[PDB]
Amino acid sequence: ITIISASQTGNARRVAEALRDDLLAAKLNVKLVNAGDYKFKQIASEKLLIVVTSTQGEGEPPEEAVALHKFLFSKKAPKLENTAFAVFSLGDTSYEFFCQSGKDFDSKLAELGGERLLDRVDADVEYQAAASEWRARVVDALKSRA
Ligand SMILES: Cc1cc2nc3c(=O)[nH]c(=O)nc-3n(C[C@@H](O)[C@@H](O)[C@@H](O)COP(=O)(O)O)c2cc1C
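The present account deals with the structure reproduced in this document.

The calculated volume of the largest pocket comes to roughly 390 Å³. The residue makeup of the lining of the largest pocket, split by class, is 8 nonpolar, 11 polar and 4 charged. One number sums up the size of the second largest pocket: a volume of about 190 Å³. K47, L48, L80, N82, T83, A84, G113, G114, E115, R116, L117 and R145 together form the lining of the second largest pocket. By residue class, the composition of the lining of the second largest pocket is 4 nonpolar, 4 polar and 4 charged.

Here is the structure:
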């Protein structure tokens, strides 16, 4: 399983660390990478992929995931021939573009034909219970979808 973290400050990364550990706890071969250090040209090669992404100024994706989101949004983006996914997003209702990055990644993947393992989870500023409830569900799902 490949867990991708896209954080401007470092919160998605922390959740990803908790999540990867739950999967190390439930399975074992888990790879945790930051969007800035993932050779995303092989994202296709993933059987089970998780993305954790925050939403930034003007609803823009996290910096480390810009090339990735742009790539995933490019005419050169590959079809998720055999890739399934789940997205967790950190956002704030006070902003207009609440959780837009999650909406973007969730959409484009599905548009490309990726299989959604779990409905996208949008998280507000309190964030910490969503990551946990979401964490508990991907574990249950992945145990049931591998
Ligand atoms: C400059 C800035 C702008 C942001 N803009 C938005 C926004 O438009 N919508 C949103 O849902 N979240 C926005 N966030 C994200 C925050 O709501 C919050 O989820 C943050 O803690 C995410 O941290 P992470 O990047 O470490 O995951 C913004 C954060 C920063 C620093």
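Turning our eyes to something else, we now look at unusual backbone geometry. The backbone of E58 sits at a positive phi, close to 65°, despite the residue not being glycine. Secondary-structure assignment places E58 in the loop between strand 3 (48–54) and helix 2 (66–72). You can call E58 exposed: its relative accessible area is 59%.

So, about the side chain of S54. Locating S54 in the fold gives a position in strand 3. A polar side-chain atom of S54 sits 2.8 Å from the main-chain carbonyl oxygen of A6.

Definitions and limits used
- Residues numbered from 1 in each chain as written, not as in the entry; some residues may be left out.
- Heavy atoms only, no water.
- 1 Å grid on protein atoms, 1.4 Å probe; cavity = no way out; pocket = protein on both sides within 12 Å on 5 of 7 lines; lining within 4 Å.
- Points joined across faces, edges and corners; volume = space filled by probe spheres on them.
- Nonpolar A, V, L, I, M, F, W, Y, C, P; charged D, E, K, R; others polar.
- Helix = DSSP H or I, 4+ residues; strand = E, 2+ residues; numbered from the N terminus.
- Buried < 20%, exposed > 50% of the residue type's maximum accessible area, 1.4 Å probe, protein only.
- Polar contact = N/O pair within 3.5 Å; in protein donor to acceptor, adjacent residues only side chain to side chain.

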